[PDB]
Amino acid sequence: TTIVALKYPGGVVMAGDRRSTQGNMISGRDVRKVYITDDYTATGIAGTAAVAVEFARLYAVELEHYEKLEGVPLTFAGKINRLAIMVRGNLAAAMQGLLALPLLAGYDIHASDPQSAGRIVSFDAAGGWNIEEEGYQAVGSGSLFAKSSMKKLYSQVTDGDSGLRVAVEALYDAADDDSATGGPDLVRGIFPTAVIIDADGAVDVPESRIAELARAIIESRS
Amino acid sequence: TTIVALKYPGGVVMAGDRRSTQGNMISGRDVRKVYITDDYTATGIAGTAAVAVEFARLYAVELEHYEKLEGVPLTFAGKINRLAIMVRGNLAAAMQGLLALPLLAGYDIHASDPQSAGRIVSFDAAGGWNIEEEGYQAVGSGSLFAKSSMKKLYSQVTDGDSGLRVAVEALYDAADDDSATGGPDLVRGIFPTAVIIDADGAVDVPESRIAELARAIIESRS
Amino acid sequence: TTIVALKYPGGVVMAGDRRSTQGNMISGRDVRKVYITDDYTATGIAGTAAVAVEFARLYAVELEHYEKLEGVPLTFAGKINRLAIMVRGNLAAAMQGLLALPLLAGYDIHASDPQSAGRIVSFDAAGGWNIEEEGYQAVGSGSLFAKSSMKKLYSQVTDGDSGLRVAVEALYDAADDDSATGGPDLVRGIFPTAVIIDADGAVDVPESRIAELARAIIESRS
Amino acid sequence: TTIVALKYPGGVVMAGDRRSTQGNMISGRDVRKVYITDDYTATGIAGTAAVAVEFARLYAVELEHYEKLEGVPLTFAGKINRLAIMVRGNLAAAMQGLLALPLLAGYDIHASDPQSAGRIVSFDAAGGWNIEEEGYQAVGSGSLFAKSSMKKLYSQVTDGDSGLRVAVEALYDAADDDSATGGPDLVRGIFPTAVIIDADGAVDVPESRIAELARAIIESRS
Amino acid sequence: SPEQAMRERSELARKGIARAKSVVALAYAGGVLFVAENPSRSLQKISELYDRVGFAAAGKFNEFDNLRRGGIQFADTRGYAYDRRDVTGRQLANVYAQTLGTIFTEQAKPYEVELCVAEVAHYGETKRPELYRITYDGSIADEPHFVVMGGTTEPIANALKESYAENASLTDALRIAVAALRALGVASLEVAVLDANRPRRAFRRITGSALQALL
Amino acid sequence: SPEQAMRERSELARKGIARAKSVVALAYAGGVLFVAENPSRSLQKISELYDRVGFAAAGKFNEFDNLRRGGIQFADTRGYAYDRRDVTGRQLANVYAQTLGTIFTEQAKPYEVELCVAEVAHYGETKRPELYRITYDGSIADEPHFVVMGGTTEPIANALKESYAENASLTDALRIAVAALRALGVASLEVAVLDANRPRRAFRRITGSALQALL
Amino acid sequence: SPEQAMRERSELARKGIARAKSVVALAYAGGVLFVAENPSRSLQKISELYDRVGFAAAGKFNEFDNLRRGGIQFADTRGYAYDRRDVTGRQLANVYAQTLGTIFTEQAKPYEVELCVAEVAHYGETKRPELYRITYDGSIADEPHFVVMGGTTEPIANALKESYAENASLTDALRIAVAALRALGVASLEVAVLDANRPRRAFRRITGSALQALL
Amino acid sequence: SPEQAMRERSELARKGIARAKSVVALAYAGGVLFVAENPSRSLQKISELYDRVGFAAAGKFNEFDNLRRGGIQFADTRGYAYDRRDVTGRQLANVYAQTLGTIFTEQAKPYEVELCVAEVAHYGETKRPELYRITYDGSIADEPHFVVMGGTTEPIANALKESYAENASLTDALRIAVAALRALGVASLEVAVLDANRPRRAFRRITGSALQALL
Amino acid sequence: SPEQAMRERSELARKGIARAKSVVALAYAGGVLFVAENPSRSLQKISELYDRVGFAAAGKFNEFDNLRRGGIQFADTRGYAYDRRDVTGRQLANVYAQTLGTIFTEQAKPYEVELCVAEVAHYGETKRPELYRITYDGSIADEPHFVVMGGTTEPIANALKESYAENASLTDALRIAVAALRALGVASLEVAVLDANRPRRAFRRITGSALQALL
Amino acid sequence: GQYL
Amino acid sequence: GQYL
Amino acid sequence: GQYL
Amino acid sequence: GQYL
Amino acid sequence: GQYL
Amino acid sequence: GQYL
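Residues numbered from 1 in each chain as written, not as in the entry; some residues may be left out. Chains lettered and ligands numbered in written order. Part of a larger assembly, values for the part shown. Heavy atoms only, no water. Residues with missing side-chain atoms left out of burial classes, pairs and counts.

1. Some details on the overall build of chain E
Scanning chain E from N- to C-terminus turns up six helices and 10 strands. The C-alpha radius of gyration computed for chain E amounts to 17 Å, which stays within 12% of the reference 17 Å derived for 215 residues, consistent with globular compactness. Based on the C-alpha atoms only, the size of chain E along its principal axes is roughly 55 × 45 × 30 Å. Of all 215 residues assigned to chain E, the portion counted as buried reaches 58%. Working note: accessible area of chain E is about 8300 Å², and carbon and sulfur atoms make up 55% of it. Averaging the positions of the 28 positive and the 26 negative side-chain charges in chain E gives two centres separated by 4 Å. (Helix = DSSP H or I, 4+ residues; strand = E, 2+ residues; numbered from the N terminus. Rg over C-alpha atoms; globule rule 2.2 N^0.38 Å. Buried < 20%, exposed > 50% of the residue type's maximum accessible area, 1.4 Å probe, protein only. Areas by Shrake-Rupley, 256 points an atom, 1.4 Å probe, with all protein chains shown as cover. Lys, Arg positive; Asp, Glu negative; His and termini not counted. Charge placed at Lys NZ, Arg CZ, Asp CG, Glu CD.)

Laid out in structure tokens, this is it:
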């Protein structure tokens, strides 16, 4: 399990793999690890899959309920406060093993510069959070490897395509080095899933482009 | 114990064996392990027998009571959500020791393609669940053997008959490999129980068909 | 302690011994381990003598209270449900040492065939139950030996008399093999207790018949 | 981490580094650890990052809410009492490792002498506090080393400029002798954050002067 | 006077029930047939209470709607607590009478609703269907032939009295009930049946094309 | 006027009880005999309270029905608390009289019901069966011969006092009772008896062919 | 009298409705079109209740505003409890009818608000949009075509029934609606639409430049 | 009559507010200027509710002071719970309208106060300042220009009407408001401003020597 | 009428306070001098609320006794909660006015007490003594010179006004106050002072030999 | 009422 | 009121 | 209140 | 009353 | 009541 | 009332 985030000029792109295991035993090979919580934020949660699904559901419902009640959505600081608060609420459960590490990618519509309107926010286990001003983030088992790889690759991120290709390559690296992280399955045709957020909103990458980028990277590595 | 479920073209079929043991000693030899919760979904639960029976009863009561109250049955997603909620509810007893692993397979009448209206939902201990895209699933002690066998044998699933035969031989494999899983008792005429769900609903296989399929499988293995 | 039950054509007969011991020391020699809860079912409870006594008292009170309140007795399934419910309510007492294993035998008045109207339901520690399809049940310390013996002896059960003699012989075996299981006292003239349930209801065997059957069996073993 | 506070003639200046680490792993490198609670008091908290941030937010909210309700801010003793109260409210979480220790710097406008109207208050773990009469105080991991350096360097503190330079050099010393305290990152242009409080109130120090002071101190040390 | 208050409440509930539609339930060959004049598609005054027990009422919709919800939850509690077959329509009607008489004793506003309880024989079991007419004051009436709810019950009741046929066929009972009720179209009508031939759940509705073609 | 208010409430109770059916409980050779003119098969006003204790009431069905339920719960609590033999109809009747006084005084609308508490000698025991009659106000009364209820109790009481026979056989007692109550058919009647010749549970109903040929 | 209390409450609610703005919700080609004459920019009478369910009312703004809030919490609880697709406008209208009847029954003053529920087909699904109109006393009504709300509803209702075009284009539907409501400008008017073509949330508002360009 | 009681309550509130000082809040060049004739220095009828939101009131002092305290508590709760920028004057006014309508309906004594909510554009942001006028019964009014509350509102309101000028300078708007309110000295008055030029907290008072020099 | 009920309640409080003993507190050279005629030695009408805050009242002794007590716990709780210097007489008077309004509004029996709140400058600090007079309904008034509690306040108030001298010495202030109050003996008096020259606790009493020599 |  |  |  |  |  |  590894979920990576990176901003590009005029937006942000954030992806997740598809493999879930119980210890050494591989359970899922098609896991959707990114949730488009609203039009301008997408969420990828590493940790317990059940807790990740519950948290995505709760956070989406909370944002929708606030926006419906007040006629206006929360602000990015408000949304981050909600996520941090619910994480601090999960400390009791996490200590027994039901952990869930969130990654938030957002496009600040209120940002002065739409080119810098993309946002990456990093939450810790203690509920503390931090915007990734340095450009990117990766959470999960292969988080360290993905970060160290697309650290080098970040010179190549220039747009949605460049950033998405870099993220796909970093996900492949995390899968290749970490057996808990899953890569592009070619026999079953399964590839990590990704979401792109920009001024128009958050959009999901078609699996055709994901497969094409993964295959190109593979032939590069072959 | 071992309970399996596989989808065939235009439906889903599942089965459950009849052995219950108290450690090494054998307690029950004709126990029912698959429950027709409603007309279009049937649930087989591995784990503690009394606890699994209580879930069967409670979940059937909950579904029928909701449907009576609202004049409408649940969406399949709502059903899975409730089952996940119950599995999350019994976590205290599960950590205490009173385990029970649920298997839900249903025929989604709302499916665009009724040929693909069969469903297989696999739940984990933490309350999380997974729909099964491979078309087959097995729960119980002999779940691994049944899963590996039907991995090979799913090529021969072409209809309700072929899928039922594959499930019966997979349960035969699980019983043969696992001493905790009971096979077809010919001397007492005891055979594993099965249910077929399709467009017209959930139906139980007559015992003669189960007996004859088990005998034919034995003759092949003899 | 050991309590046995067996169905015979047209009814059911269930018996229990008379010995209660504290460690190696013997406390009771005339212990009543068979209770006629109502006209058409009787209960014999293994485990803690005190707990079994109050459990039988409470169960009889509940059955009578319902039958008074509704003007009608419960269905056999309702009775089984209540017994299982309280046994599950007794988990807290059982885990700390207060054990009580019930054995339920009854005559199903609602049974289509009065010849097969005898019912024997076996409850485990988890509170769950199992109607005995094998026709006979044995609970208690010597329950293994009693099961073992009248497994062989069940070919001889044909009516109340044959079943009663078989049960007496099985209790004799349990007493002979298990030092905590009590046998037919001759010097004190104490013999295990028994109840016969049929279409006329549950009736207690006169002690003269028990004594003579025990004596005949003993001279067979002499 | 290390946060230092020192009084200068006519005010007070207090600063904090920017490094946050998890074990030997470095998490943040631009962590603003200095908070301006109000116009005349600024607070830096060492310990768990999330706890420190939420204490900063909560204390600012509390002070503003009281002042709004009563139309008047608190006395300095009242503010210190409140901060001690929250710290002693944090003891429970502190025993489980969620510690965050404060350092309070303020400008007592009610002081008869405005030259000595600056204040430094140091709180211990148990909520107890002490006004700093040596004129300087350092909290954090490198707090001992920073205190040792500014003990020597307090001879040269004469104004906001001298005091700020001394605080910068002491933060450098703490970062040098303690790997948990971050120094002036020249390659990334990252330097510790600071605030100056005087009769005009608490004002943040523009980053250019921190950078130039750090560079000059480096050249002296080079 | 408290007697004056109880009276005026009684005529209040009477006026409420009188200015309401007509619901008729009759015992026939296949069990109990539920017929009501329901113009609204979403609203339904006839429902299932238990697998062999149906629900019918006449009055303010939310009142007997919450009553039906309470009956459903109570019956589910009874079935789960003891056994399925331990739930009977007689005990449900007793609970309904208890809660009615209670509410009318304490609540400032008496309910302008009248209720009927229907229970049939279990599957593979023979028993004459039982009809329990429960009144607003908590009074209950056991009626063997036919039950009429709401409105001008006199002409429809008397018509049903002369036109009642025991073990009536489904279509014949349908047409007799329609003739009594008219004293309508496929729409503006609600039809349900408690079919004893159902294996577990006797209740079932017959609406639309089936309802049209049956007539 | 509080006195006038209590008078109006009491007269309301009198009118309600008067417009009610007649229940007679008499001691005979076999113990206590219960007769109830109840056309409804489902509804029963005669029941058992304890092993040698019966239940008889006359009035609004829900009121004495809930009273009967509460009394059964109390009696079962008493039996389980101490012993089966520690339950006597006297203590029950005291509880019911206290409860009826509380209901009349504190509840806004009192229960228009009449109550009888019957207790017989235990098995193998000789003792004259006990008849306790309790009214809403709390005038518990001990009847050495018979208990009458409902309607015009004057003609029924006169017929009973004229035709009462101690140690009367079952047939003689029932025929005397039906002759007195006429002042009808085998149907529409509820018949039960507290039989001290029962080992534990003296109460038992007599209905159908037993009642048919018996009458 | 109790009755004088009930109809004084009812007429108080009615006169509260009388001095209310006029809101019209109509079933057009794209689903449901909401039109409300709101001069205030901050105050809102139209809102979304669920993905394909909207909210419309007129009366005391705080009354139906708090009712809107409660219904929003209820709908969110229902959707999270089971599934998003398990939320229907029928159950919502049911709970609103129940709570309105409850408030009218117990609350000192009736809510001078009447409510409208609109539900459209889901995305990629065909279903006639459903209009529930709930009166303060819980008198819920299903409107096949249009809901006329607030003030002198008679002239606008006649104009709409005369000029209703089923599946009217949103431009033509809005022009007909404004013609009927005139019996206003782009300003001082609030417009929202439940748009079934939307993937998840059908609700959407059309105000200002879009509304001006359309009209 | 309940209508009579409500009219008496309303006239109580109006006459209570009538015998009160006049408070005016106008939108000028720098935002919202608060002016109230407050001879008592300790008592203050103008205050800050949030960073860009002030508080104005006209009525019984402890009443609106408690309201102000509760609103400050609620606003702090909202800001801490979600975000500082997530607090708006519209939601504050909505909560106040809810509470005032509630109290007016339920409280035996209505509050004779008039509350104005003012919100300005954030620092480094342009938005026309918003004035929300809330009546004792919750009747909220959105004023784009000015709010006159307490005392004879007609003469001062008209004088402001001809004397109103948008984006008025601080001193000019001050003298205009002084002339309108005259229809006084530097003392006996309360002056505060919501200054959008303030980085975080727009509210600020102008009293004494500054207030003198501005006149 | 609610208006006439409030009139009789307010006039009841007025009769209570007028038919009550007189207290005068004046700002003089040494701070605030409290003068209340008090024949009872046990009963005390003057007290200290805080280091620089005293207590004065006119009315029923138990009423303002309990009020003074509650204010004392509140002030101690505020001083311990935040800081000792953060407690002011303004906030105490605000709390007293709020709770007096509360008692007048919901408590069926009004308090016939009228209170004065006094606060002096802290030691080593200059600030004019502050006097807050609060009446039963919470109507608080700030008096810069003198506050008269209860009794025939008009002749005494006029005499004080004519003879009030700012910064009057304690002897001169005492003699002026007693001359005004005569409009008694050394007994039947209570004298207390909030002396700013006190380091912490400004309050102090002067009685008997000190009072005699001072006179 | 019901006095059956 | 609703009765249909 | 606000009835429009 | 107290009045003292 | 205090209104100033 | 059962006075005896």
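That was the structure; now back to the text.
2. Section: the overall build of chain A
When helices and strands are tallied, chain A shows six helices and 12 strands. In summary, chain A has a C-alpha radius of gyration of 16 Å against a globular reference of 17 Å for 222 residues, a match within 12%. Considering only C-alpha atoms, chain A reaches an extent of 55 × 45 × 25 Å along its principal axes. The proportion of buried residues among the 222 residues of chain A is 56%. Long-range contacts, defined as pairs at least 24 residues apart, comprise 61% of the intrachain contacts of chain A with a sequence gap of at least 6. Between the centroid of the 20 positive side chains of chain A and the centroid of its 29 negative side chains there is a distance of 4 Å. (Contact = heavy atoms within 4.5 Å.)

3. Things to note about the interface of chain A and chain G
With 10 residues of chain A in contact, the opposing surface of chain G contributes 14 residues. Interface area for chain A against chain G, summed over the two sides, is near 1000 Å², with a carbon-plus-sulfur share of 43%. Sorting the residues of chain A by area buried against chain G places A:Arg57, A:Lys68 and A:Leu69 first, and these three jointly supply 57% of that buried surface. Taken together, chain A and chain G are joined by three salt bridges. Where G:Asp76 meets A:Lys68, a salt bridge forms, and the shortest distance between an N and an O atom there is 3.2 Å. The tally of links between chain A and chain G comes to eight residue pairs in polar contact. Class assignment of the residues belonging to the side of chain A that touches chain G gives a composition of three nonpolar, one polar and six charged. (Buried area = accessible area lost by both parts, 1.4 Å probe. Salt bridge = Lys/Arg side-chain N within 4 Å of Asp/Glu carboxyl O. Polar contact = N/O pair within 3.5 Å; in protein donor to acceptor, adjacent residues only side chain to side chain. Nonpolar A, V, L, I, M, F, W, Y, C, P; charged D, E, K, R; others polar.)

4. Some remarks on the arrangement of the chains
There is a clear gap between chain B and chain K: no contact, and 18 Å between their nearest C-alpha atoms. Considering only C-alpha positions, the minimal separation of the non-contacting chain B and chain L is 34 Å.

5. Let's talk about helix α1 (residues 49–70) of chain A
When the terminal C-alpha atoms of α1(A) are compared, their 32 Å separation across 22 residues agrees well with the 32 Å that a helix rising 1.5 Å per residue should span. Phi turns positive, to about 65°, at A:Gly71, one or two residues after α1(A). (Expected span 1.5 Å × (residues − 1).)

6. Some points on the side chain of D:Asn90
Residue and element names in this part refer to chain D. Note that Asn 90 resides in the loop between α2 (76–89) and α3 (91–95). For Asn 90, a relative accessible area of 8% gives the class buried. For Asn 90, the residues in contact, after removing those within four places along its chain, are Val 51, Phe 55, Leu 98 and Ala 100.

7. Re the packing of helix α5 (residues 160–177) of chain A against helix α6 (residues 207–221) of chain A
Residues and elements named next belong to chain A. The contact between α5 and α6 brings their axes to 10 Å, and the two run at 60°. Considered as vectors, α5 and α6 are oriented oblique to each other. Between α5 and α6 lies a crossing whose hand is right-handed. Residues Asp 161, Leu 164, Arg 165, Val 168, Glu 169, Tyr 172 and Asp 173 of α5 form the contact with α6, whose own contacting residues are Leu 213, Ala 214, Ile 217 and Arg 221. The residue makeup of the contact of α5 with α6, split by class, is six nonpolar, no polar and five charged. (Axes fitted to C-alpha atoms, helices over the stretch in contact; angles between N-to-C directions. Parallel < 35°, antiparallel > 145°, perpendicular 65-115°, else oblique. Left-handed = near helix turned anticlockwise from the far one by under 90°.)

8. Looking at the sheet that holds strand β7 (residues 140–143) of chain G
Strand pairing in a sheet relies on backbone hydrogen bonds. The paired strands run either parallel or antiparallel. Residues and elements named next belong to chain G. The five strands lie next to each other as β3-β4-β5-β6-β7, forming an open sheet whose pairing is antiparallel. The open sheet has two free edges, formed respectively by β3 (46–50) and β7, since each of these has just one partner strand. With strand direction ignored, the average angle separating the axes of adjacent strands in the sheet is 25°. For β3 and strand β4 (residues 53–58), the ladder comprises four bridges, and the chain directions are antiparallel. The residue bridging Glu 48 from the neighbouring strand is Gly 54, located in β4. (Pairing = 2+ DSSP bridges.)

9. Let's talk about the pairing of strand β1 (residues 23–28) of chain I
All names here are of chain I. Within β1, six of the six residues are buried, which leaves it mostly tucked inside the rest of the structure. Pairing between β1 and strand β2 (residues 31–36): six bridges, direction antiparallel. Counterpart to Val 23 in the pairing with β2 is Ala 36. In this structure, the hairpin formed by β1 and β2 is closed by a connection of two residues. By the bridge criterion, four bridges tie β1 to strand β8 (residues 146–149) in an arrangement that is antiparallel. Note on β8: the bridge partner recorded for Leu 26 is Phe 146.

10. Things to note about the nonpolar core
Formed by 128 residues in total, the largest nonpolar core has its most connected members in E:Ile134, F:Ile134, G:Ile134 and H:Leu115. Other than its neighbours up to four places away in sequence, E:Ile134 contacts E:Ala93, E:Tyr96, E:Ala97, E:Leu100, E:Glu114, E:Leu115, E:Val117, E:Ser139, E:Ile140 and E:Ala141. Membership of the second largest hydrophobic core comes to 28 residues, among which are B:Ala15, B:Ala170, B:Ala174 and B:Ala194. (Core = buried A, V, L, I, M, F, W, Y, C linked by side-chain atoms within 4.5 Å.)

11. What about the sheet that holds strand β6 (residues 41–47) of chain A?
All names here are of chain A. Strands sit in the order β5-β6-β7-β8-β9 across an open sheet of five strands; the sheet is antiparallel. Each edge of the open sheet carries a strand with a single partner, namely β5 (34–38) and β9 (129–131). Each neighbouring strand pair of the sheet contributes to a mean axis angle of 25°, computed without reference to strand direction. Bridge analysis of β5 against β6 gives three bridges, and the strand direction is antiparallel. Residue pairing in the sheet places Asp 38 in a bridge with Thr 41 of β6.

12. Concerning the UniProt feature "active site" (unreviewed entry) in chain A
Residue and element names in this part refer to chain A. UniProt's entry tags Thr 1 with the feature "active site" (unreviewed entry), counted in the numbering of this structure. Note that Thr 1 resides in the segment before β1 (2–8). With residues up to four places along the chain from it excluded, the contact list for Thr 1 reads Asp 17, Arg 19, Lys 33, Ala 46, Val 139, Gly 140, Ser 141, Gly 142, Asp 178, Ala 180 and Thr 181. (UniProt positions renumbered as here; feature names shortened; annotations may be inferred.)

13. Points about unusual backbone geometry
Even without a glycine there, the phi angle at G:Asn167 is positive, about 60°. Looking at the element boundaries, G:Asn167 is found in the loop between α4 (153–163) and α5 (170–182). In this structure, H:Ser188 is a non-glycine residue whose phi angle is positive, near 65°. Tracing the backbone through its elements, the reader meets H:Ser188 in the loop between α5 (170–182) and β9 (190–195). Taking the relative accessible area as the measure of exposure, H:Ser188 reaches 23% and is therefore partly exposed.

14. Some thoughts on the pattern of salt bridges
Evaluation of the coordinates by the stated rule reveals 97 salt bridges over all chains. A cluster of three or more residues bridged by salt bridges with shared partners is formed by C:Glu64, C:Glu67, F:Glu48, F:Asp51, F:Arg84, F:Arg200 and F:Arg201.

15. Looking at the side chain of F:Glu112
Looking at the element boundaries, F:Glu112 is found in the loop between α3 (89–106) and β5 (113–119). It is F:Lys109 that comes nearest to the buried, bridge-free F:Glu112 among opposite-charge side chains, at 6.2 Å. Each residue touching F:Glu112, except ones within four places of it in the same chain, is listed here: F:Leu12, F:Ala13, F:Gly16, F:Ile17, F:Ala58, F:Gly59, F:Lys60, F:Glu63 and J:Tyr3.

16. Re the packing of aromatic side chains
Applying the stated criterion to the full structure yields 38 aromatic pairs over all chains. Relative to F:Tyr164, the ring of F:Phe146 has its centre 5.3 Å away and its plane inclined at 65°; by these criteria the two rings are edge-to-face. Of this pair, F:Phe146 sits in strand β8 (residues 146–147) while F:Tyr164 sits in the loop between α4 (153–163) and α5 (170–182), and the two are 18 residues apart along the sequence. A residue is classified by how much of its surface remains accessible, and F:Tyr164, at 16% relative accessible area, is buried. Look at H:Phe61 and H:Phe64: their rings are 5.5 Å apart centre to centre, the planes differ by 90°, and that puts the pair in the edge-to-face class. One end of the pair, H:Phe61, and the other, H:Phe64, are both in helix α2 (residues 61–81), three residues apart, so they sit about a helical turn from each other. The same class applies to H:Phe61 and to H:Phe64, which are both buried. In this structure an aromatic cluster arises from ring pairing among E:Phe55, E:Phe61 and E:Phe64. (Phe/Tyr/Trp six-rings, centres within 6.5 Å; stacked < 30°, edge-to-face > 60°.)

17. Section: the pairing of strand β7 (residues 140–143) of chain H
All names here are of chain H. As paired strands, strand β6 (residues 130–134) and β7 are joined by four bridges and run antiparallel to one another. Within β7, the position partnered with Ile 134 by the bridge is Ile 140. Between β6 and β7, which pair antiparallel in sequence order, lie five residues; one of them, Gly 138, sits at a positive phi of approximately 100°.

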